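Letters go in sequence order (proteins before strands), and every chain restarts at 1.
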Amino acid sequence: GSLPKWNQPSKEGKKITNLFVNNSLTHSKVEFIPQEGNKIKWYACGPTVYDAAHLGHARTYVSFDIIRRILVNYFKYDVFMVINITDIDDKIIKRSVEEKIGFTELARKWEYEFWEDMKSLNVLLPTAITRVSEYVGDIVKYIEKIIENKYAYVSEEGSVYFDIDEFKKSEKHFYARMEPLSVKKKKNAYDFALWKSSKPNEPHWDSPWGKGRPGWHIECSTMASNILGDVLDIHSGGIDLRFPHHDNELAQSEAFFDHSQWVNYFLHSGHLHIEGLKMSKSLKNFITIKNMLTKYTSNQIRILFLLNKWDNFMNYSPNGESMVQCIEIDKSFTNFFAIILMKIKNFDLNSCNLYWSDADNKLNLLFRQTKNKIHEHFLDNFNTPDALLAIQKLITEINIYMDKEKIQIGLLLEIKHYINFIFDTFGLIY
Amino acid sequence: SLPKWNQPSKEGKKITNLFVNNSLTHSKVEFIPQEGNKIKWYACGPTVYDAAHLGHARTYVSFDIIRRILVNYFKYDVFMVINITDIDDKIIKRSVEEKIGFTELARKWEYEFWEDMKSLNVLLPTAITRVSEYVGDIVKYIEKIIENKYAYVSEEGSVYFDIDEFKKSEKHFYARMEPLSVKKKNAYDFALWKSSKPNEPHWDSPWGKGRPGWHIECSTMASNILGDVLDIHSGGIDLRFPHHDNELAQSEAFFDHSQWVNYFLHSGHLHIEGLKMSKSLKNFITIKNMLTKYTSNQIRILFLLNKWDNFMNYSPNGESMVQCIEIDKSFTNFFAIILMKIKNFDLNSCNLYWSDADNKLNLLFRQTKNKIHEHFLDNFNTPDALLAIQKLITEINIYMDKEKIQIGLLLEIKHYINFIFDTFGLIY
Ligand SMILES: Nc1ncnc2c1ncn2[C@@H]1O[C@H](COP(=O)(O)O)[C@@H](O)[C@H]1O
Ligand SMILES: Nc1ncnc2c1ncn2[C@@H]1O[C@H](COP(=O)(O)O)[C@@H](O)[C@H]1O
Ligand SMILES: Nc1ncnc2c1ncn2[C@@H]1O[C@H](COP(=O)(O)O)[C@@H](O)[C@H]1O
Ligand SMILES: Nc1ncnc2c1ncn2[C@@H]1O[C@H](COP(=O)(O)O)[C@@H](O)[C@H]1O
Ligand code: NA
Ligand code: NA
Ligand code: NA
Ligand code: NA
Ligand SMILES: [Zn+2]
Ligand SMILES: [Zn+2]
């Protein structure tokens with residue numbers, strides 16, 4: 001009644017870690033519970049490929065790369081991940097007439113550069129990549145099923161529209177679950193296109209309703225449903241996508257499967273702002289990932305994002321201001337590895353005393369305590385800023401111990417391996 | 001008349017449903033940390049008077065695998081201690097024959113031992129406890145046992161553990177793990193302090209110049225670092241009695257409680273032509289000699305193929321290593337192909353539609369992860385986990401040859417197999 005309901009998955013037979021995540025379906029932190037076993041089926045919205053990627057894009061996909069690494073490498077979940085490529089879109093069509101190199105060729109060029117930029121930032125490829133242009137046939141069939149369930153109608157011009165009012169009427173369906181308050185050929189203005197009749201001279205595809213292109217939202221519902229099925233553990237994207245794009249995906253997929261909950265946990269990354277405004281091609285305030293990488297390293301860019309909670313907005317100060325701290329932290333990590341490897345390399349088991357000293361026990365106590373702190377930070381909705389701080393504090397105490405105390409070679413090696421493990425989880429490379 | 005064992009309570013603990021073969025219960029029981037996700041673990045180390053051999057490698061590689069499974073795979077927090085027995089009758093005798101000081105002999109063969117462990121990619125423990133550095137702590141430990149009335153002093157200046165007195169206490173049972181293997185009051189009493197002949201190495205004590213008894217060394221060092229409850233204590237099966245049963249009795253007497261160790265794990269021995277590989281039998285192969293014939297990966301595969309708590313036969317002249325070399329070769333060739341396909345894959349010209357062949361490989365992939373999880377939960381069953389990896393690799397090889405490849409799926413599979421190989425201690 002007027003408020004959307006959410007069904008937490010049952011805990012029986014599932015991997016239970018007590019991880020809590022910020023779920024946009026509940027607008028709260030709730031315990032994460034797999035639909036099945038230790039498995040996480042996860043779809044994340046990808047770029048629309050018509051130009052260079054910028055630092056805002058880097059923030060979203062690095063943030064989700066970090067979260068994936070925590071889920072897999074740290075918590076040992078089994079993550080099946082899908083990212084789409086929006087290679088059919090009005091922006092691409094317009095840009096291709098300007099560039100005169102062919103529509104598929106333009107989209108493929110900027111998709112290729114997007115993946116090169118993700119690789120440069122040490123962002124892992126997903127399990128499956130779903131390009132809209134390779135799924136148009138499956139999209140047409142998806143729309144046919146929604147129409148067959150009477151949740152969409154065909155205009156005379158040959159477009160197909162989702163029927164919001166028919167969908168809401170069903171007691172098992174609620175439209176705009178995540179942003180309820182954000183709501184001539186149509187029945188109602190709030191109805192959105194599933195199939196757009198083709199304008200002349202534009203790229204188009206055949207369908208039962210005439211030549212056209214998919215509507216934006218039906219692309220992601222179709223592709224995610226085809227690979228991951230009727231219940232997604234996680235669906236993600238930047239916060240701007242929550243409405244209309246993600247709310248519309250929920251309605252389409254619910255209408256296709258005729259059920260009530262297509263996604264259990266919807267995660268929305270915050271935006272990178274620059275001088276108070278979202279970094280956007282439109283505002284002409286953006287910094288390309290490639291330009292960023294001529295001045296800073298992959299590690300420094302990832303540290304920038306590790307210092308900001310994934311689901312909050314962050315301010316970026318250009319001309320190196322925000323990167324000053326990132327460069328210092330990266331510098332201290334590089335210097336730490338140099339020192340500890342030198343101490344390990346020069347340690348002589350023949351001439352040492354290995355008595356477990358008071359200093360050895362204190363360092364070990366701080367070490368085990370740091371493991372428990374970082375565990376509680378990761379359970380706390382992927383709090384990397386405080387886990388990074390905990391690592392920095394530990395490195396400060398290891399540096400002191402290496403300078404003066406007689407070293408337990410085994411304790412130093414084990415601590416280095418744990419720090420390596422957390423840095424693999426962060427996506428840092430030393 | 002039969003020893004009792006108390007399973008740790010599950011509240012507030014990391015619970016994985018791992019089952020381990022506990023020599024205290026002579027059965028497989030669920031593993032439960034004493035505190036949180038922590039595992040305090042002490043493992044008996046070598047007696048350092050000569051070169052290490054393939055029997056030693058079997059014990060420490062087997063326990064290195066188990067530690068890697070516990071830490072890398074299950075994400076337990078393992079605090080591990082391995083001792084060095086550098087005071088011993090064998091070291092003393094060997095040092096007089098060679099005409100070198102006992103410390104110089106022990107230090108050299110401890111060094112070679114760690115060099116050989118590193119060559120086999122065996123991780124060092126958190127702490128290394130040498131007897132010669134803990135003698136003062138051993139004396140204090142013995143004083144407390146005497147003060148608790150569980151040990152007495154002979155006229156000669158030795159100290160003996162008092163079995164009959166220990167047994168009488170209702171809270172103490174002597175020889176928990178091998179009950180039937182059982183100047184002094186009774187012959188079964190064992191020395192905590194041996195009065196030294198004036199020509200032997202010796203240390204001062206309240207009872208006169210002497211040396212520690214064998215067993216009190218390990219009780220003292222383990223207690224000093226890890227305390228009154230060990231999650232895990234391990235060693236080869238020969239050490240279960242008298243050495244480990246005597247460690248339990250001493251440490252129980254020192255702390256006056258009933259359970260010093262929750263889970264006692266005993267690796268099986270490597271036999272060679274039916275007899276334990278032993279310096280005494282002159283049937284041994286040094287680790288260095290083995291490594292001039294086989295690689296670290298191949299030697300680790302040999303132990304991965306044999307359950308850690310069963311005995312194994314080693315057939316020399318390459319007979320047992322044929323299979324290990326074939327498996328190592330197939331892992332090498334698999335990684336070569338999957339690494340090149342990932343490196344040379346071109347996103348500009350590929351088609352990435354998720355095909356039925358992609359879906360089949362993925363289902364087998366996720367299914368293999370679950371099989372291997374159940375194998376590790378089943379008392380560190382690396383033989384069946386290794387077989388599951390081989391089967392999966394067979395299907396990935398087919399897919400890479402014929403099907404159009406999902407670059408992301410191959411990359412995820414590569415990372416998972418790497419993760420399992422890091423858990424095994426294999427390096428490709
Ligand atoms: N690392 C893992 N790999 C595969 N399955 C897991 C893992 N952790 C938990 N599970 C599954 O989660 C369910 C319950 O977890 P547990 O009670 O921790 O064994 C079981 O069906 C397991 O198969
Ligand atoms: N300035 C930004 N900060 C963080 N994420 C962004 C930014 N701009 C776009 N994104 C995300 O990157 C993805 C691509 O969006 P688009 O800007 O339409 O190419 C979406 O999930 C967006 O929410
Ligand atoms: N990877 C880990 N690192 C540190 N502590 C852990 C880890 N996993 C579980 N624990 C601890 O084990 C206790 C119970 O685990 P659980 O109920 O599975 O969260 C909690 O107090 C946790 O702090
Ligand atoms: N042949 C063997 N196979 C497996 N483990 C052995 C073998 N010989 C010795 N060990 C183990 O290696 C450690 C050192 O024993 P030692 O032979 O006294 O130096 C002990 O825990 C033994 O149980
Ligand atoms: Na409704
Ligand atoms: Na929005
Ligand atoms: Na008794
Ligand atoms: Na024995
Ligand atoms: Zn989308
Ligand atoms: Zn011992």
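- Using a 4.0 Å cut-off between charged nitrogen and carboxylate oxygen, B:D162 and B:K185 count as a salt-bridge pair.
- Counting non-hydrogen atoms of neighbouring residues, nucleotides and ligands closer than 6.0 angstrom, the OH atom of B:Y294 exceeds 12 such neighbours.
- B:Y42 pairs by the side chain to side chain donor-acceptor pair (under 3.5 Å) definition with B:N83, not counting sequence neighbours.
- Salt bridge B:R68/B:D64: present, at least one basic N to carboxylate O contact under 4.0 Å.
- Residues forming a side chain to side chain contact (heavy atoms under 4.5 Å, CB included) with B:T59 (at least two apart in sequence, or on another chain): B:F63, B:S267.
- With sequence neighbours excluded, the residues satisfying side chain to side chain contact (heavy atoms under 4.5 Å, CB included) with B:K13 are B:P8, B:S9, B:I15, B:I32, B:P33.
- Evaluation of the salt bridge (charged side-chain N to carboxylate O under 4.0 Å, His left out) test over residues 397-422 of chain A, restricted to residues two or more places apart or in two chains, returns A:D360-A:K406, A:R368-A:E414, A:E414-B:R67.
- Evaluation of the salt bridge (charged side-chain N to carboxylate O under 4.0 Å, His left out) test over residues 236-245 of chain B, restricted to residues two or more places apart or in two chains, returns B:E178-B:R240.
- Under the 6.0 Å distance and 45° angle rule, B:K167 does not count as a cation-pi partner of B:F173.
- In this structure B:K144 satisfies the side chain to side chain donor-acceptor pair (under 3.5 Å) test together with B:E147, B:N148, sequence neighbours excluded.
- When the side chain to side chain contact (heavy atoms under 4.5 Å, CB included) test is applied to B:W214, the partners found at least two apart in sequence or on another chain are B:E217, B:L239, B:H243.
- Taking the side chain to side chain donor-acceptor pair (under 3.5 Å) definition, one finds that B:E273 meets it with nothing, sequence neighbours left out.
- Figure legend: cation-pi geometry between B:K184 and B:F190 absent, as NZ or CZ is not positioned both under 6.0 Å from the six-membered ring centre and within 45° of its axis.
- Take A:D358 and apply the salt bridge (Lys or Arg N to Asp or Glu O under 4.0 Å) test, not counting sequence neighbours, and it matches A:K362.
- You'll find the side chain of B:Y49 stays beyond 4.5 Å of the side chain of B:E98, heavy atoms only.
- Residue pairs meeting the salt bridge (charged side-chain N to carboxylate O under 4.0 Å, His left out) criterion with at least one member in residues 44-63 of chain B, sequence neighbours excluded, are B:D50-B:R94.
- By the side chain to side chain contact (heavy atoms under 4.5 Å, CB included) test, B:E133 is found to be paired with A:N353, A:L354, A:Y355, B:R130, residues two or more places apart in sequence or in another chain being considered.
- Residues passing the side chain to side chain donor-acceptor pair (under 3.5 Å) test with B:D422: none are found, sequence neighbours excluded.
- In this structure, the ring of B:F31 has its center less than 6.0 angstrom from the ring center of B:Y76.
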